[PDB]
*Asks:* 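This is the structure I want to talk about, given as structure tokens.
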Amino acid sequence: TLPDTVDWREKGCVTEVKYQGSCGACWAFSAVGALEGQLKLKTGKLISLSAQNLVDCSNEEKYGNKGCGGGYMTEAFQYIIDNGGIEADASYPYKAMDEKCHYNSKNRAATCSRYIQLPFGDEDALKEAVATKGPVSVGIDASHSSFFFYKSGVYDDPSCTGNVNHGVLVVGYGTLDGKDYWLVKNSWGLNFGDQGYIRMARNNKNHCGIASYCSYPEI
Ligand SMILES: *C(=N)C1(NC(=O)[C@@H]2C[C@@H](S(=O)(=O)c3ccc(O[C@@H](C)C(F)(F)F)cc3Cl)CN2C(=O)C2(C(F)(F)F)CC2)CC1
């Protein structure tokens, strides 16, 4: 059996909300988010990891990430595996632009050994992973202004599709006033949503594609 409610912020596994600005770096914020969680769980340290390091260094044929043009959390993880590490944000800060790779192993703040992909569309497996492993990187359809304007309750918009366009982090789940939700960390800054968080419909037919392309890393 799994708990009815999970919120990884309560265990100190989630860093502050980030603001991607003009750069399409959602995928990199989602990926460092998930690794931040694992890093805290395995070493007791909570550190913001460098989204910029992912944006600058994985923009090549082998990965298919496009820096500020978009990218994939799975390929971010693979970059980190191949590269033997990632820097902390403090030593490799976010510039919201494409720059040339300046990774230095002397500033290595985390590693990754493998990542896990969860079954397409499977909200039960997502719930298991979120409950037992940690925060999980996911794609969502964030193409609607109703997403943009969210403030409270549970986001459910019948115009949502599985056409995912945005990488975010699920750091929990629960039921609010009768409605199951996924607790999602966005990278549109603190003023988006509820201090940078949105509760999105859970067990509603893979709503907004939230369980379509889910992954998490192992340190
Ligand atoms: C973030 N600022 C923003 N969005 C992205 O970078 C999104 C995030 C992912 S996705 O949309 O979640 C997505 C889409 C399609 C797949 O298919 C798998 C099977 C594939 F192709 F990878 F093999 C997975 C995922 Cl995770 C991708 N994405 C994109 O914008 C795209 C790309 F830039 F990475 F190519 C896919 C268009 C606005 C930039």
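As the structure lists them, so they are numbered: ligands from 1, and atoms in each ligand from 1. One-based numbering along the sequence shown. Computed over heavy atoms, backbone and side chain alike; hydrogens, waters and symmetry mates excluded.
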*Asks:* Check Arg199 with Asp194, please: is the shortest side-chain N to carboxylate O separation under 4.0 Å?
*Replies:*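 Here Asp194 pairs with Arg199 in a salt bridge, since their nearest N and O are under 4.0 Å apart.
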*Asks:* Please tabulate protein-ligand N/O pairs under 3.5 Å for ligand 1, atom names and distances to 0.1 Å.
*Replies:*
| unit_1 | atom_1 | unit_2 | atom_2 | d |
| --- | --- | --- | --- | --- |
| ligand 1 | 2 (N) | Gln20 | NE2 | 3.1 |
| ligand 1 | 2 (N) | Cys26 | N | 3.2 |
| ligand 1 | 4 (N) | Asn165 | O | 2.8 |
| ligand 1 | 6 (O) | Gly71 | N | 3.1 |
| ligand 1 | 11 (O) | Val164 | O | 3.3 |

*Asks:* Which residue pairs satisfy the ring pair (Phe, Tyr, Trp, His ring centres under 6.0 Å) criterion with at least one member in residues 91-110, sequence neighbours excluded?
*Replies:*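 Of all non-adjacent pairs touching residues 91-110, those that pass ring pair (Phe, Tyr, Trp, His ring centres under 6.0 Å) are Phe29-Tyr94, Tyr92-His102.
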*Asks:* Looking at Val170, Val168, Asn163, which hits side chain to side chain contact (heavy atoms under 4.5 Å, CB included) with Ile140?
*Replies:*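 Going through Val170, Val168, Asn163 one by one, the side chain to side chain contact (heavy atoms under 4.5 Å, CB included) with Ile140 is satisfied by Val168 alone.
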*Asks:* Between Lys66 and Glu75, is there a side-chain N and carboxylate O pair less than 4.0 Å apart?
*Replies:*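 Here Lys66 does not pair with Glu75 in a salt bridge, since their nearest N and O are not under 4.0 Å apart.
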*Asks:* Is the distance from the ring center of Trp188 to that of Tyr150 below 6.0 Å?
*Replies:*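 No; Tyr150 has its ring centre 6.0 Å or more from that of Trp188.
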*Asks:* Any idea which heavy atoms bring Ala109 and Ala88 closest together, and the distance?
*Replies:*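 Here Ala109 and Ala88 meet closest at CB-N, 3.5 Å.
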